[PDB]
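What follows is a single chain, given as structure tokens, in the form deposited in one PDB entry.
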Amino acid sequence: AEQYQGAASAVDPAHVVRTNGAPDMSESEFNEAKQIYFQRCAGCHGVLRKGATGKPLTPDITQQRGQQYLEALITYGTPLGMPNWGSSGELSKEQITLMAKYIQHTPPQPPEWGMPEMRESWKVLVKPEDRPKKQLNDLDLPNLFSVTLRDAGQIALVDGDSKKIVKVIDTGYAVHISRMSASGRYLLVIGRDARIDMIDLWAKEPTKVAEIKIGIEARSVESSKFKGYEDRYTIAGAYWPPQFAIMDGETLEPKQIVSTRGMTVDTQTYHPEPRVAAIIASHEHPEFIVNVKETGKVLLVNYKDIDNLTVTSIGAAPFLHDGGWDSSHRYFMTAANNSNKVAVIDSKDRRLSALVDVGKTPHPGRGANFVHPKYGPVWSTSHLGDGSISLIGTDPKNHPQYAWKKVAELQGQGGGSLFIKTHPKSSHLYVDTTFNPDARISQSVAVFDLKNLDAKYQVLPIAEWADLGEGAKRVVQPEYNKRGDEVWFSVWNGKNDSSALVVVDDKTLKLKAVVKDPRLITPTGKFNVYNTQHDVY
């Protein structure tokens, strides 16, 4: 067996390259720069630097540019998305020098996270046997609102009708979203630290029954929703490591782990860090629809047989991020934000229906579906790069002329928008502008009359209605209640500042309530149980 595997490797030694020629930096210096890199740069440039949103920062490129090009670029930034760390005064000349030296070295390697680590992190707090057989409290679970108290690493269940915080549960740091099990009993939350918590809404007092950590960093979680699979499996995508994990939908036991490392859809070259973004459960087949960002692939992971996984890798467009179902729940309208496109994934026929060109940096969230008087059923989205609102036709059967076309546009307060919203019972369309550099715009939301779309929008002074005092008071993500007569908004203020949840009477557009509480720290995402569980948007 020794002489058999004894012939030379076909790989040419000359072409295998050693890495160096980097400026010398001590342990203290290298760590200070490493800490800055993850607190300030990692989000956009990635953990490895092959590059996300912007150009790669690998040694081959950085050393080519040299110390000074790097110091200067980091110092003033660029008009294409790269913040000015020097001019703004964010970082010192000394620090920027350190970062320029740092990016000239081989990127340090973060740990991997396989089954051993997963199982070690897996915990069953309350076994399925020991869990109640019926609802042991008199809460109106369907109208409950799971609110993320970001910096607190908790979530608060707010009663829809009473406007009170019914329970505060400790979770992973800065939970990114909440999702509901198909049965409507379990609430699944995932922190950016990849920590998932499963919460039983039937317990006397809603409590965590299981937990697990599926990676170092993550964003999405979902539950199986195909007929005959209620609470069967639970999936979660991770940023690092580039992977997603399928787990038991009852105990959260890790079953399968799949690497999303691979070839890009555009250049068809290898990308060592294709982060997993949105994940939505199919209703057409027993599959999960996974978005793989950097490679721009939409994976149809079939869980009919989890031991021998079948995945259909559909090419879309680079930088897939968020998105949601069309009115019929068959077409996944997802946004390839830095490509300025919205990919239409047919979950039934399992193929890319079309690539719709939209405004700069679309950010639909899960989007807004409504029937246009002239264009029929459409799905809409606002943007981060401009104040447009794209309306895309979603009816190939009865409206072929408008299917997959940016049929019309609306104009909002400006760019920096994050979430557009509406409801089957509502006649209004809201658009927030959370990251708009103007304080007044970023603290208010635009509202359109669906019954008269030619009319300009109305501006609701959300943050002002909260009456909180100092702070940026950024408003974010409109969200209806089960009956669709009220729309909730989060007044995302600092951790040491005061925050609130503003409710609006959708019928009159008048302030209805304001939820304040010392525990309501940095409220961001809000997810009404029913509307979330049944994809009502």
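Residue numbers here begin at 1 and follow the sequence given. Whichever C-alpha set is largest while still superposing within 1.5 Å between the two forms counts as the rigid core.
As for the form deposited in another entry, it is not shown, yet the points below apply to it.
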> Is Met99 one of the residues whose C-alpha moves 2 Å or more between this form and the one not shown after the core fit?
Replying inline: yes
>> When the rigid core is used for the superposition, does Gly46 move between this form and the one not shown (threshold: C-alpha shift of 2 Å or more)?
In response: yes
> Using the core for the fit, does the CA position of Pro108 change by 2 Å or more between this form and the one not shown?
Replying inline: yes
> Between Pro523 and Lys495, does the Cα distance in the other entry come out closer or farther than in this form, changing by 3 Å or more?
Replying inline: farther
>> Since the Cα-Cα distance for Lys50 and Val292 shifts by 3 angstroms or more in the other entry, is it a contraction (closer) or an expansion (farther)?
In response: farther
